[PDB]
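Structure below is structure.pdb: PDB, C-alpha atoms.
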```
ATOM      1  CA  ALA A  14      32.769 -63.678 -86.025  1.00  0.00           C
ATOM      2  CA  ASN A  15      33.107 -65.337 -82.591  1.00  0.00           C
ATOM      3  CA  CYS A  16      29.885 -64.676 -80.625  1.00  0.00           C
ATOM      4  CA  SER A  17      30.459 -67.978 -78.780  1.00  0.00           C
ATOM      5  CA  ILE A  18      33.882 -66.816 -77.515  1.00  0.00           C
ATOM      6  CA  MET A  19      32.297 -63.578 -76.226  1.00  0.00           C
ATOM      7  CA  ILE A  20      30.224 -65.775 -73.842  1.00  0.00           C
ATOM      8  CA  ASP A  21      32.635 -68.223 -72.126  1.00  0.00           C
ATOM      9  CA  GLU A  22      35.249 -65.417 -72.212  1.00  0.00           C
ATOM     10  CA  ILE A  23      33.296 -63.137 -69.843  1.00  0.00           C
ATOM     11  CA  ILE A  24      33.073 -66.056 -67.360  1.00  0.00           C
ATOM     12  CA  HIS A  25      36.808 -65.321 -66.966  1.00  0.00           C
ATOM     13  CA  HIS A  26      36.052 -61.749 -65.753  1.00  0.00           C
ATOM     14  CA  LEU A  27      33.179 -63.079 -63.558  1.00  0.00           C
ATOM     15  CA  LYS A  28      35.178 -64.587 -60.654  1.00  0.00           C
ATOM     16  CA  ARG A  29      36.413 -62.006 -58.106  1.00  0.00           C
ATOM     17  CA  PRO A  30      34.380 -62.113 -54.852  1.00  0.00           C
ATOM     18  CA  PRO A  31      35.693 -59.530 -52.316  1.00  0.00           C
ATOM     19  CA  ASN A  32      33.789 -60.250 -49.075  1.00  0.00           C
ATOM     20  CA  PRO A  33      30.299 -61.353 -47.932  1.00  0.00           C
ATOM     21  CA  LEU A  34      28.040 -58.347 -47.206  1.00  0.00           C
ATOM     22  CA  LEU A  35      24.308 -57.783 -46.555  1.00  0.00           C
ATOM     23  CA  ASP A  36      23.599 -56.041 -49.890  1.00  0.00           C
ATOM     24  CA  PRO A  37      20.472 -56.993 -51.889  1.00  0.00           C
ATOM     25  CA  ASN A  38      22.730 -57.807 -54.913  1.00  0.00           C
ATOM     26  CA  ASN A  39      21.407 -61.398 -55.472  1.00  0.00           C
ATOM     27  CA  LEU A  40      18.685 -63.432 -57.291  1.00  0.00           C
ATOM     28  CA  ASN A  41      16.008 -65.766 -55.867  1.00  0.00           C
ATOM     29  CA  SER A  42      14.820 -69.235 -56.983  1.00  0.00           C
ATOM     30  CA  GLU A  43      12.263 -67.682 -59.375  1.00  0.00           C
ATOM     31  CA  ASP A  44      14.903 -65.408 -60.966  1.00  0.00           C
ATOM     32  CA  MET A  45      17.010 -68.528 -61.639  1.00  0.00           C
ATOM     33  CA  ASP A  46      14.236 -70.001 -63.841  1.00  0.00           C
ATOM     34  CA  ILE A  47      14.374 -66.704 -65.802  1.00  0.00           C
ATOM     35  CA  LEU A  48      18.088 -66.659 -66.820  1.00  0.00           C
ATOM     36  CA  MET A  49      17.686 -70.434 -67.507  1.00  0.00           C
ATOM     37  CA  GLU A  50      14.669 -70.156 -69.891  1.00  0.00           C
ATOM     38  CA  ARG A  51      16.388 -70.186 -73.323  1.00  0.00           C
ATOM     39  CA  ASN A  52      13.655 -67.897 -74.715  1.00  0.00           C
ATOM     40  CA  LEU A  53      13.863 -65.602 -71.660  1.00  0.00           C
ATOM     41  CA  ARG A  54      17.683 -65.264 -71.969  1.00  0.00           C
ATOM     42  CA  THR A  55      17.708 -62.162 -74.290  1.00  0.00           C
ATOM     43  CA  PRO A  56      15.177 -60.212 -72.124  1.00  0.00           C
ATOM     44  CA  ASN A  57      17.573 -60.801 -69.200  1.00  0.00           C
ATOM     45  CA  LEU A  58      20.188 -59.234 -71.487  1.00  0.00           C
ATOM     46  CA  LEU A  59      17.943 -56.145 -71.530  1.00  0.00           C
ATOM     47  CA  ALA A  60      18.264 -56.020 -67.722  1.00  0.00           C
ATOM     48  CA  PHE A  61      22.012 -56.858 -68.068  1.00  0.00           C
ATOM     49  CA  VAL A  62      22.711 -53.858 -70.324  1.00  0.00           C
ATOM     50  CA  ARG A  63      20.685 -51.535 -68.064  1.00  0.00           C
ATOM     51  CA  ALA A  64      22.198 -52.699 -64.746  1.00  0.00           C
ATOM     52  CA  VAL A  65      25.725 -52.970 -66.247  1.00  0.00           C
ATOM     53  CA  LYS A  66      25.533 -49.170 -66.800  1.00  0.00           C
ATOM     54  CA  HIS A  67      25.371 -48.758 -62.999  1.00  0.00           C
ATOM     55  CA  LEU A  68      27.814 -51.705 -62.597  1.00  0.00           C
ATOM     56  CA  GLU A  69      31.191 -49.976 -62.059  1.00  0.00           C
ATOM     57  CA  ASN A  70      34.050 -51.623 -64.032  1.00  0.00           C
ATOM     58  CA  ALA A  71      31.591 -53.511 -66.307  1.00  0.00           C
ATOM     59  CA  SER A  72      31.139 -51.077 -69.256  1.00  0.00           C
ATOM     60  CA  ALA A  73      33.156 -53.304 -71.651  1.00  0.00           C
ATOM     61  CA  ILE A  74      30.823 -56.104 -70.559  1.00  0.00           C
ATOM     62  CA  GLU A  75      27.752 -54.007 -71.547  1.00  0.00           C
ATOM     63  CA  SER A  76      29.348 -54.014 -75.030  1.00  0.00           C
ATOM     64  CA  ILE A  77      29.464 -57.829 -75.082  1.00  0.00           C
ATOM     65  CA  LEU A  78      25.983 -58.672 -73.635  1.00  0.00           C
ATOM     66  CA  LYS A  79      24.329 -55.941 -75.756  1.00  0.00           C
ATOM     67  CA  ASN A  80      25.948 -57.485 -78.862  1.00  0.00           C
ATOM     68  CA  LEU A  81      24.945 -60.961 -77.534  1.00  0.00           C
ATOM     69  CA  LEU A  82      21.155 -60.232 -77.529  1.00  0.00           C
ATOM     70  CA  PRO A  83      20.755 -61.262 -81.231  1.00  0.00           C
ATOM     71  CA  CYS A  84      23.236 -64.154 -80.735  1.00  0.00           C
ATOM     72  CA  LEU A  85      20.663 -66.080 -78.615  1.00  0.00           C
ATOM     73  CA  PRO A  86      18.324 -68.845 -79.882  1.00  0.00           C
ATOM     74  CA  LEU A  87      14.522 -68.386 -80.001  1.00  0.00           C
ATOM     75  CA  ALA A  88      12.795 -71.762 -79.436  1.00  0.00           C
ATOM     76  CA  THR A  89       9.296 -70.213 -79.391  1.00  0.00           C
ATOM     77  CA  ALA A  90      10.414 -66.606 -80.241  1.00  0.00           C
ATOM     78  CA  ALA A  91       8.233 -65.030 -77.535  1.00  0.00           C
ATOM     79  CA  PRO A  92       8.467 -64.271 -73.785  1.00  0.00           C
ATOM     80  CA  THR A  93       6.202 -65.694 -71.050  1.00  0.00           C
ATOM     81  CA  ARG A  94       7.092 -64.137 -67.665  1.00  0.00           C
ATOM     82  CA  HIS A  95       8.966 -61.003 -66.498  1.00  0.00           C
ATOM     83  CA  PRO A  96      12.769 -61.165 -66.985  1.00  0.00           C
ATOM     84  CA  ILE A  97      15.523 -60.884 -64.397  1.00  0.00           C
ATOM     85  CA  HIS A  98      16.215 -58.020 -62.019  1.00  0.00           C
ATOM     86  CA  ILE A  99      19.745 -56.798 -61.231  1.00  0.00           C
ATOM     87  CA  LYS A 100      20.740 -54.523 -58.297  1.00  0.00           C
ATOM     88  CA  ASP A 101      22.276 -51.051 -57.783  1.00  0.00           C
ATOM     89  CA  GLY A 102      25.264 -52.407 -59.760  1.00  0.00           C
ATOM     90  CA  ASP A 103      27.287 -54.804 -57.564  1.00  0.00           C
ATOM     91  CA  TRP A 104      29.341 -57.595 -59.207  1.00  0.00           C
ATOM     92  CA  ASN A 105      27.764 -59.885 -56.557  1.00  0.00           C
ATOM     93  CA  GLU A 106      24.330 -59.457 -58.200  1.00  0.00           C
ATOM     94  CA  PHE A 107      25.681 -59.972 -61.751  1.00  0.00           C
ATOM     95  CA  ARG A 108      27.908 -62.699 -60.197  1.00  0.00           C
ATOM     96  CA  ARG A 109      25.139 -65.231 -59.508  1.00  0.00           C
ATOM     97  CA  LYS A 110      22.764 -63.862 -62.208  1.00  0.00           C
ATOM     98  CA  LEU A 111      25.264 -63.312 -65.035  1.00  0.00           C
ATOM     99  CA  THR A 112      27.460 -66.373 -64.227  1.00  0.00           C
ATOM    100  CA  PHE A 113      24.482 -68.732 -64.421  1.00  0.00           C
ATOM    101  CA  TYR A 114      23.234 -66.554 -67.327  1.00  0.00           C
ATOM    102  CA  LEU A 115      26.066 -66.482 -69.962  1.00  0.00           C
ATOM    103  CA  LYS A 116      26.805 -70.128 -68.986  1.00  0.00           C
ATOM    104  CA  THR A 117      23.306 -71.593 -69.623  1.00  0.00           C
ATOM    105  CA  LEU A 118      23.272 -69.576 -72.884  1.00  0.00           C
ATOM    106  CA  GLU A 119      26.318 -71.007 -74.668  1.00  0.00           C
ATOM    107  CA  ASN A 120      25.376 -74.400 -73.137  1.00  0.00           C
ATOM    108  CA  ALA A 121      22.012 -74.597 -74.931  1.00  0.00           C
ATOM    109  CA  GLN A 122      23.364 -72.579 -77.915  1.00  0.00           C
ATOM    110  CA  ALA A 123      25.139 -75.671 -79.312  1.00  0.00           C
ATOM    111  CA  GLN A 124      24.855 -78.863 -77.205  1.00  0.00           C
ATOM    112  CA  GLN A 125      26.530 -81.669 -79.216  1.00  0.00           C
TER     113      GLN A 125
END
```
Any chance you could give the structure as structure tokens?
Amino acid sequence: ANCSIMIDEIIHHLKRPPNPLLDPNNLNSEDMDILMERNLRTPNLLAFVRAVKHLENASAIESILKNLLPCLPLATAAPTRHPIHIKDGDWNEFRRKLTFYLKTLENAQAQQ
């Protein structure tokens, strides 16, 4: 299989900013700690498969992330705080959240 390629490969489809708007599609400093917590990465995937349904033009991505849930490590196989929170479905929300997400995942998935 190639679960690792399914991660850095979506970063390719995660780089198309249209224009700056005033939409709520965005994460805060606390949400960043979520997508970064290796153990809290999969639960963000739960919010990535739900929001990607309302994310127009991201259905094929819902296929990747959903298949990526079991491809994540489990340092202390258990959650601690609430996971991420996407928006109505704007690529701007999944832009900062998902970019930093899939990236920190494959980064701590191997590391040397």
Next on the checklist: Evaluated on this file, the PyMOL selection byres ((chain A and resi 81-83) around 8) picks out some residues - which ones are they, written as a ChimeraX atom specification?
Outcome noted: /A:16,19,55,58-59,77-80,84-85
Item to check | Residue IDs satisfying the PyMOL selection byres ((chain A and resi 103) around 10), as a VMD selection string | outcome: chain A and resid 36 to 39 64 to 65 67 to 71 99 to 102 104 to 108
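The smallest atom-to-atom distance between residue 45 in chain A and any of A:28, A:73, A:93, A:110, using only C-alpha atoms, is found for A:110.
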Next on the checklist: I'd like to know which of A:62, A:18, A:113, A:76 is closest to residue 46 in chain A, using only C-alpha atoms.
Outcome noted: A:113
Next on the checklist: Take the PyMOL selection byres ((chain A and resi 115) around 10), run it mentally on this structure, and tell me the resulting residues as a list in words.
Outcome noted: residues 17, 19, 20, 21, 22, 23, 24, 48, 49, 54, 58, 78, 81, 110, 111, 112, 113, 114, 116, 117, 118, 119 and 120 of chain A
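Minimum atom-to-atom distances from A:53, A:27, A:60, A:14 to residue 98 in chain A were compared using only C-alpha atoms, and the lowest value belongs to A:60.
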Checklist entry - Could you state the separation of CA of residue 92 in chain A and CA of residue 26 in chain A in Å, given to one decimal place? => result 28.8 Å
Next on the checklist: What does the structure give for the distance between CA of residue 75 in chain A and CA of residue 25 in chain A, in Å to one decimal?
Outcome noted: 15.2 Å
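With all atoms listed in the file as the atoms that count, the residue of A:56, A:109, A:123, A:61 with the shortest distance to residue 95 in chain A is A:56.
Interatomic distance, CA of residue 122 in chain A to CA of residue 51 in chain A: 8.7 Å.
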